[PDB]
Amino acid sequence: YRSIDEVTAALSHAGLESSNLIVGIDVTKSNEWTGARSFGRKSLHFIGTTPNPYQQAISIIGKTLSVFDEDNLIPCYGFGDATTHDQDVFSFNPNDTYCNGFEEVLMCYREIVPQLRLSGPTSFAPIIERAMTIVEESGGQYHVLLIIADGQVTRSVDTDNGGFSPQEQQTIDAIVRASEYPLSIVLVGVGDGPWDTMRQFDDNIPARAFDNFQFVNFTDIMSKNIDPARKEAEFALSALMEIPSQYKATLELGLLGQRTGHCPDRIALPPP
């Protein structure tokens, strides 16, 4: 595809209908040094004259999915700063409401991220649980959760014997539980990684009723010697190509428009 507008149209042609977006942003400490190779030794959260990988990924996916979003409300959260660690998420909206469109998401991000104290450890369980709660509150409307992160979930420091860390186990569990909801999870890897362990994380996830999880390496696509519009389109397509199939599975499995009655009831903290 030549542009993300063509990708948008292709997703519609493949059967995507009303679709909602939730954004989760990794604000752990390693963002300060994982742009060594891929972002000119700047922090991946550096706010400067050109967009950082978080801003770019949000812009591209936000634009691609915008026409499917009826209410244009985009819940947006951070995780891994000093206020949340691996236990919570915080809202990027400072007015106790949801952002109106991806452009406002980007404004909130720019406003808040220089005020954060980047921390750890890294877990995706809180953001996935918040997404489940949002889906349940919506009465089972279809959602895409976009997680943007610069590292896999925190590993055990016992590199000889230590199996799954609490972060790994809780994140895997959340992915499994999430598959009871009409929810697609897209993990976008930014920065240097490494990202060559994702295929094994995928094997470590128990079988689910539908494949609700996908990973895309943003850095590997966006570094290519390719026309920028085409490159952005390649990223959008690589991130979202399974979404129409997953949406169909939520129909087949009787998830769309249905409530479980037992969601995490996870509440976000306000922004620092």
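Sequential numbering from 1, following the sequence displayed.
Visitor: Output the stretch having the higher mean C-alpha B factor in the entry; the candidates are 113-121 and 183-191.
Guide: The stretch with the larger average C-alpha B-factor is 113-121.
Visitor: Which is higher in the entry, the mean Cα B factor of 232-240 or that of 201-209?
Guide: Between 232-240 and 201-209, it is 201-209 that shows the higher mean C-alpha B-factor.
Visitor: Using only the C-alpha B-factors in the record, can you name which of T260, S12, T250, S19 has the highest?
Guide: Across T260, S12, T250, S19, the entry lists the biggest C-alpha B-factor for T260.
Visitor: From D158, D173, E103, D88, can you pick the one with the highest C-alpha B factor in the entry?
Guide: Top of the list by C-alpha B-factor: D158.
Visitor: Is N95 in the lowest, middle or highest third of its chain when residues are ranked by C-alpha B-factor?
Guide: Highest third, going by the recorded CA B-factors of the chain.
Visitor: Please place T49 in the lowest, middle or highest third of its chain according to the CA B-factor in the PDB entry.
Guide: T49: CA B-factor falls in the highest third of its chain.
Visitor: Relative to the other modelled residues in the chain, which third contains the C-alpha temperature factor of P264: lowest, middle or highest?
Guide: According to the entry, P264 has a C-alpha B-factor in the chain's highest third.
Visitor: Sorting by Cα B-factor within the chain, modelled residues only, which third would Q56 end up in: lowest, middle or highest?
Guide: Lowest third, going by the recorded CA B-factors of the chain.
Visitor: Using only modelled residues of the chain, where does the Cα B factor of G163 rank: lowest third, middle third or highest third?
Guide: According to the entry, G163 has a C-alpha B-factor in the chain's highest third.
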